[PDB]
Amino acid sequence: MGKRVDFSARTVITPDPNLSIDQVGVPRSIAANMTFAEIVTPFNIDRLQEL
Amino acid sequence: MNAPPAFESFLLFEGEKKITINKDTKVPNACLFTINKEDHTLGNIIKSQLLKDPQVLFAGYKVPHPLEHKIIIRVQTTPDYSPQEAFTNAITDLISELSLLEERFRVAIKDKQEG
Amino acid sequence: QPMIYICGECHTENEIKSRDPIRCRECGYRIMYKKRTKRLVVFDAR
Amino acid sequence: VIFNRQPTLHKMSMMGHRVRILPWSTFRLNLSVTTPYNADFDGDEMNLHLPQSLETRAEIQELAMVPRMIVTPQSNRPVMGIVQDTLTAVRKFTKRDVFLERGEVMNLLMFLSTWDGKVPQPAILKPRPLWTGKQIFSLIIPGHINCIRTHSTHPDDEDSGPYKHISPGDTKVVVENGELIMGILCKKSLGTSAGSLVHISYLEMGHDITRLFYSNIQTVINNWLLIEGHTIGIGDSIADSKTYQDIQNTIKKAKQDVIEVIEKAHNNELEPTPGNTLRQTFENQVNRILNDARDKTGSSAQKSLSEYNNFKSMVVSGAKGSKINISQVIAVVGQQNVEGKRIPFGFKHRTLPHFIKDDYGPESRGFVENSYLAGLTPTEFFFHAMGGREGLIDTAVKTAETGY
Amino acid sequence: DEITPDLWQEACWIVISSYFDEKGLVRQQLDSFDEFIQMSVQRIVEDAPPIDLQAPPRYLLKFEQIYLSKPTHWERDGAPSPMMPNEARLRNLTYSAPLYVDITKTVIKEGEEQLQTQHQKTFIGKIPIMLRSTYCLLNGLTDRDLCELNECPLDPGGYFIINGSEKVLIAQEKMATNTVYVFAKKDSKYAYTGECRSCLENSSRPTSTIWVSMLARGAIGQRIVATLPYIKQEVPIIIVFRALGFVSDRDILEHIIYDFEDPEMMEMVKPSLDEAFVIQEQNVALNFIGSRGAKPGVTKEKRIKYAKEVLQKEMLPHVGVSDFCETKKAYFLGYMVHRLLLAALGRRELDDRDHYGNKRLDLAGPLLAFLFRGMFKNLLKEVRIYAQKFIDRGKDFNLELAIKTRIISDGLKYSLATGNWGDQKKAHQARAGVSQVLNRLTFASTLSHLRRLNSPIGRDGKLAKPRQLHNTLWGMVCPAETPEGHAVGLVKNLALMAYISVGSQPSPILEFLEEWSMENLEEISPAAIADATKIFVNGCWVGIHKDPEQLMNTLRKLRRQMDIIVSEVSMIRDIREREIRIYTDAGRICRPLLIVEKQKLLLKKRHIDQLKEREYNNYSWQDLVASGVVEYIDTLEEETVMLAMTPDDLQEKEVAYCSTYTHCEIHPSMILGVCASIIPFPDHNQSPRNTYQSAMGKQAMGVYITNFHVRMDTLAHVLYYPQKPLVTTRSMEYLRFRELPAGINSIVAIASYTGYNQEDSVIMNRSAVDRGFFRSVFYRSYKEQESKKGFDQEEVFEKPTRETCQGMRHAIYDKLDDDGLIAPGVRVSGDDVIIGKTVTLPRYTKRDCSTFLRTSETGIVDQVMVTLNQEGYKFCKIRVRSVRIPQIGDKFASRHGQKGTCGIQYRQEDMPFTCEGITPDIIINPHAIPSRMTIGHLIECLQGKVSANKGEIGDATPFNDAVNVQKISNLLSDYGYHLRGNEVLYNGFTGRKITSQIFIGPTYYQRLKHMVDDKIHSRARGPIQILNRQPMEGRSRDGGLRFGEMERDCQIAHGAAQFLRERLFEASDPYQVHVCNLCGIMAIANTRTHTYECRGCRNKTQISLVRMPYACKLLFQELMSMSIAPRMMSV
Amino acid sequence: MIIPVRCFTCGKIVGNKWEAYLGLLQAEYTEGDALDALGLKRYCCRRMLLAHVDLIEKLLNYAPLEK
Amino acid sequence: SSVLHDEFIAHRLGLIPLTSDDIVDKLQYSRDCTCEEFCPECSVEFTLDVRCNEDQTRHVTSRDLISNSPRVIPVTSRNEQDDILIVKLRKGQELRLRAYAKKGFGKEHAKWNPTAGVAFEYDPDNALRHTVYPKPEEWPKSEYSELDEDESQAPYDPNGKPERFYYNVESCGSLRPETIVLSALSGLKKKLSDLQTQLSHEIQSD
RNA sequence: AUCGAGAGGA
Ligand SMILES: [Mg+2]
Ligand SMILES: [Zn+2]
Ligand SMILES: [Zn+2]
Ligand SMILES: [Zn+2]
Ligand SMILES: [Zn+2]
């Protein structure tokens, strides 16, 4: 019913008046640790090769 | 862990432009100047000098995020004038004002030390 | 190679090899400290 | 990403957010979206979950995104509203005597995302061009929504007499065609209640426009508050000598009243009321006297406040605090209760060894006749600690039963 | 002669300082341990019975004397050397001293062939020693001597060092013993129950509880019963009285009812008599008791013997366990019945379970005594078996080999090391939470942990009554300091002048009462008890008296003269009920108070004069107590005391409140504890705020101890620039907060500036932080040891190599030396190696077992220590040093519950500034004040502005009428500032004035241990658990975050089924099984050869692949383990 | 543990004033007059000198690691 | 061997002001220097070598910071105010280090901030009403005020603008206060000149 | 590494 999961992060929260309500400000280390598996296509072949 | 180096507020990254001009399409004769690695120190003076130009209809600036190190200055002028020309004249006027202020402060210091 | 240690009680510089009980030769004290490395560590005065 | 805070009580405790990468090592949140999470920044931590497929990403983007989460099905009202600084500041900003200069107005218009680039005609053209705070909030307000509200300080006998549509106090919020025609905005107009501007924006305009409305209120109002400023200090906790004398006279009269009731009970001149024993009737009379004293002193303190008082500012806007807090800071802290009754005789017929036996007076049984600025006496301090311990125990013991 | 009011604030605090010069803050711990070593161990050894063993020759083996030497340590060569506590901390030794016992073995065979052989100083065990106790090597040492030994002179002691770990014994609350308590349970068969947990003076058995209850109404009337120990059936009280030799009903009611003119008591006891008339003689009553027992002897003889033994030993041991005590036991049981009837008749109040006069604090001494009794009994048992197996062969034996000293040593060591208070075998019946690891995060945390009390009611219990702040905690327990989590009200803290009594023998008091006109209980006739006053001593009714008033006067005079009655003896006269209860036992929390004459203090000005020159004429606190000017009053004697809050209460007033006071407070601020005594103006805050600060002063950074350079603590935070508060209370002078402060005075502005301080957050000055503002250093110690446990496998510190080591990570080992240990001064990043350890195998003949850094730390090695542990293999400790500069997300707090994280940091040009260019160090939001009502924060800010402008330290002592806000404002207006602490500030970005004048000034802020860098964590396909293939738990394990049941429910409400499946299936534990389409049970798949078959159905074609969580496969297999057939049917 | 170099607020140097401050205090100056003699006029720098606890003097009571 | 760890000493050395009057304009930023890590054109070498052999505590002060450049020295060491205290040493303790000083400003770190307070004020009498005192009588008068004591604030000036700004620039020691002001004006003017150069490139590139 | 206990945070 509940379990531990991958691709999760946790840290202290902080105010930021300059984010929209639907935005979350994320550290670069959390974002560098966490990844999203994006499928390659001719639409994104160049960008994904760059990455 | 996540602390940016303190020089990133002042130093331009390679391939990053100091200033970028983008035409504002909402109203005519308006431009957005995105200036990188500057802050309220130049934004406030440039804005306030632009407000002294009667051919300037709008002059404002913002630091979109304090953790980021750029400013955006929006300038709208009258149709016979240009926001780029207004921005240039504002910088020229600020430079002349500061040169005069520096020379007069040198004179005042000389008077104070002498008598 | 020598790995000279300092005594916690007598502050004596004495060499001790591996597979040797940790004993100061001057007073027999059982707690020893390593000396500061010779490597070059740099500090930004910030 | 899904952004979550524990305990995850309702569906608004896990909402979808768009990632914005920023320098330091904390999760940075907008301040309106803190009320749904029940989150404050006193060391709270939150969990970020990254969906790992286009299908889950589309699911979260079309179901759980924060703008889609503005109105809750629990109570058919907004779940997030305008909050502390932005609410105190929008209250101060939409007052009738807020006049902005040309440079200030341009500074604020820099922070409107939904601005058409047209400077509005100032409300005052001569002797000097001045815009009003309502005139700029009208630019913040989206679409052509129409809304009627009333500021918290709206007198109840104003809608009957004349001046109903021209309010002397600038209460009676009226937004027409997306312009704040009149009124001071506050919790009642921008909070999480039903029929507020944020609710009507979400119902008439979409969730995207409402998202921008939240963001624009926050940015514009915070950058104006950089000019106006908001604070609080000792001067806001102080009252004039007349108010202090009135409060002390009220407390002295109340203590004499309680002494009279005690003397009546001691002489058997007190007869019980239906449905209660004599002890309970005496307790009811004493508690009524002391509650009356507390309310009268609180009213005295409240009327003593100026328009510049920052407690009154935050209470009026609804940003934080209540009139009882002002009364306790200025007038009197009041009766301390343990299990809904006065301080019990924990010693033998005594609340403390500093009192005589069988002393049902107000100070013996836990009436704090001082304010927080005046400072509590040692017995008032201990009784107040007892009353506060009751709240701590309640907070720490209700959680297991409610969660189960 | 009299101390006038204008001098009082000095005099009282002078008195208070003298107290803390005499006692300290951990006096209860040291006195408890000292009494345990001086008295309790000897009493336990002597109270054990001599073990008489014989086949013939016989041996008694009587233990007669104990000797506890100083703490020593035995090396492998065996040389005893004096061991210092710091050496114990560094080497992971146990700071214990050897206990030797004198044994006397006399041979007695026949023919008067007697000869005694005495073994002087037989090593019986090792006892861990509390630091700074009398038997500690740091006892009586000067500060220079302690510094010579690398000890902090401010270290209070009061703790043990077990295996290098500092362990502190928490005082445990318990109901007092030998006292009758009449309660009434609403949901029970009994209307009223009078219990008495009885325990003999020198403990040898547990508390034997006896109950005397009344059956709830609905045969004819209310029957009184008695639930005796070791008997599983209620017994009528009349049966018990007859079993004690009182058969006549007149005698029984003489013992129960002392006033025969009272028919109410009579008719309420009559049902019990009517129920017991068939039994009318002692032997029959004893037979009835034995029959109702759980071991009913078939023959009435052994039934009667068992009943005799129960009624003589288990029933009311405190009254006396010898024979011929039936009269005293009958009188006491009659008193229990009398108390029950008084409660049932409404003539007495039910006793309050929460009254601290009814409680006792089980301190280090009496707790170690419980352990020592159990352990010495086990030791004597083992000696009995060992000696028996030898004398059965008819030959002598060596007691030195009979005494296996590991019982006492390992028992005390284990119990103090783990906290499980009891035998190691009974690890579940044992009660944990005793003996916790001493908190060394800040000096306040250490002091509070050493003054910590515990109510073992159980955190699971949701009844608020034991958690409530009782009235009787006044002066004994801090009203504020308590954890706000699940242990609200259960974990408590001593008030500053609170002293837990250590215990004393009632012998001199009883002897004086004998010499005085008291009449013993066996010599009187019951008819005298009516008008006379009972006298109880430690719960035992010892006699009666005729003039209780002048008896109390005599006893109070005796105690105030330091005569036969010692200071800690409590003497309560209940007047309405004529008892006089005297208590000398341990665990009674009490506090000192100023005695009051007719309406005057006995503390004259001469005492203050002699106290002022305390350092010359050696006139101390004890001379103040001996002068009869001060008195220790316990919670139970406070009920009979009339206190004056201040000597101003003793003034004659227009309407006198009392005019008959008996005592006075030394100062009311002493009701607070260690951490609440740091709050300035706590009487101007809401009490929850004071509790939250009392909890948060313990996470504040500072200098936790002066000798931190030599300690190898696992975690330690030291602030670069600790400051004493500008605004302080007069109690911190004794907490030593001025010598080891835990914060910095920050120019704080309460303002709304940019919105980055909203909702309990702060804006800090980046320029101040650059200048060392709230900078700290974090010290982390790693321990390692190379074990040569056997020739099969041995570990060793040596620089590993890629060619010989097998489990060698890709991280580089170049930072290590040939000894395998990194050197100090080497900068080490996350995942780096600090100790190169290799273990011999049964990548050949040695595997890598190196110690890495705790990941994502990035410190510098502070120092490396090498020594030998107790058994004597090489042992290393490496302290790594990491500078923590405050940043966004770090938690800060004032002393008023005002906590918050750093929202953003602005440079000095970006912060708002006053006309004189002062920028705030911190900006906090005004919205944190109104709901919280932390007016103490504002008054402290204003007082701090005055203090900084005046060059003084503000006095924020709680109850001080010489300091109010108007005085502080008038003072501040003299320094050219707005009297209310406001200033015109300018916007740092634009330089324009802020329309609203901001409230700014110095406030003492604290940096708390909770830094964001120790909390930030992320995961993307890391390690998984072995049992269920799900992410690990924790940052340290690189674990994943729990998507719990409530998250599942939230996403169900959202309707996000694919996200729910991603979180609960695909991001946790994806798995595949092969199922038989016929029986639905997991089949056998062989994907390499592609052969799938179900052994059950004997098919190999109808198999199906099923994608299920691994936890669900594990569940189904654990169900098949239970003979359940969960058949996953795919059709 | 040791007197800071700069004032945290303004950045004025206070590191060279601790010893002079102590010498003025033993010269029977009041703390306020001593702070006035050293030229600490802003209450931030007065905070720095007035609230400082010289812990280094206690850390120097322990013998060093090497003789 | 001192009781303060290495980063403590380093941080403490960074905050010692060094006389920068004529040398700061000549030195280059190490970013701009075409040398290796260091050279005399972009940096100044300091050496410190102290050992407490005597029985009294040795005060390692800024006077012990020995420089290779005579022009760039600790301010207190310049030829009264005592020397800044780096660390106190006990007999047998020793501190030997080698520092390099660089060119920077307060945006990067407060140690490169030359000011010990910048008092800035305008409109001492609240004539523009940029502040709104709830009780103007309660507030003290500015040192630059020109009002009789009965008058609390100046009459409101509707046509007024902020002019006449009052400054008190206090120097930490590195630069002279007038050198701070002159260098500030020059630096602001060069910021604007560089901005105008980049502006011209952006305008002409379009 | 596991298990337990304890201390904490929200
Ligand atoms: Mg929180
Ligand atoms: Zn040695
Ligand atoms: Zn099958
Ligand atoms: Zn300063
Ligand atoms: Zn160079």
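Here is how names work: the chains are called A, B, and so on, in the same order as the sequence lines, proteins then strands, and each is numbered from 1.
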Would you say a side-chain N or O of [X] is under 4.0 Å from OP1 or OP2 of [N]?
X        : N     : answer
E:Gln699 : H:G9  : yes
E:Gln436 : H:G6  : no
E:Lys891 : H:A10 : yes

Answer with base, sugar-phosphate or nothing: what part of the nucleic acid does [X] contact at a heavy-atom distance below 4.0 Å?
X         : value
E:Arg1037 : sugar-phosphate
E:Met1032 : sugar-phosphate
E:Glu484  : sugar-phosphate
E:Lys698  : nothing
D:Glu45   : nothing
E:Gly433  : sugar-phosphate
E:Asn439  : nothing

Output the rounded distance in Å from [atom1] ([X]) to [atom2] ([N]).
X         : N    : atom1 : atom2 : answer
E:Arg431  : H:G4 : CZ    : P     : 22 Å
E:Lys426  : H:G4 : NZ    : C1'   : 19 Å
E:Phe892  : H:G9 : CZ    : P     : 17 Å
E:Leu450  : H:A7 : CG    : P     : 15 Å
E:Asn420  : H:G6 : CG    : P     : 8 Å
E:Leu1008 : H:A7 : CG    : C1'   : 16 Å
E:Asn454  : H:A5 : CG    : P     : 15 Å
E:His486  : H:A7 : NE2   : P     : 6 Å

inquiry  = Do E:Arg440 and E:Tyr704 form a cation-pi contact, if we require the NZ or CZ to be under 6.0 Å from the six-membered ring centre and within 45 degrees of the ring's axis?
reply    =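 Not satisfied by the 6.0 Å and 45° rule.
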request  = Without swapping roles, check the side chain of E:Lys167 against the backbone of E:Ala417 for a donor-acceptor pair under 3.5 Å.
outcome  =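 Yes; at least one donor-acceptor contact below 3.5 Å.
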task = Please check if the side chain of E:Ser787 supplies one atom and the backbone of E:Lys789 the other of a donor-acceptor pair under 3.5 Å.
result =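 It does not hold such a pair.
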ask   = If we only count heavy atoms from C-beta on, is the A:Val26 to D:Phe27 side-chain gap below 4.5 Å?
value =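 Heavy-atom side-chain distance check passes, below 4.5 Å.
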task = Please tell me which of E:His449 and D:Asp44 maps to the more 5' nucleotide of RNA chain H, matching each residue to the nucleotide holding its nearest heavy atom.
result =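 Looking at the nearest nucleotide for each, E:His449 comes out on the 5' side.
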ask   = Of all the nucleotides listed (H:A5, H:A7, H:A10), which has the minimum atom distance to the side chain of E:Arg459?
value =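 Nearest listed nucleotide: H:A7.
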request  = Might you confirm whether atom NZ of D:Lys398 has over 12 heavy atoms from other residues, nucleotides or ligands at distances under 6.0 Å?
outcome  =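 At most 12 heavy atoms, drawn from other residues, nucleotides or ligands, come within 6.0 Å of this atom.
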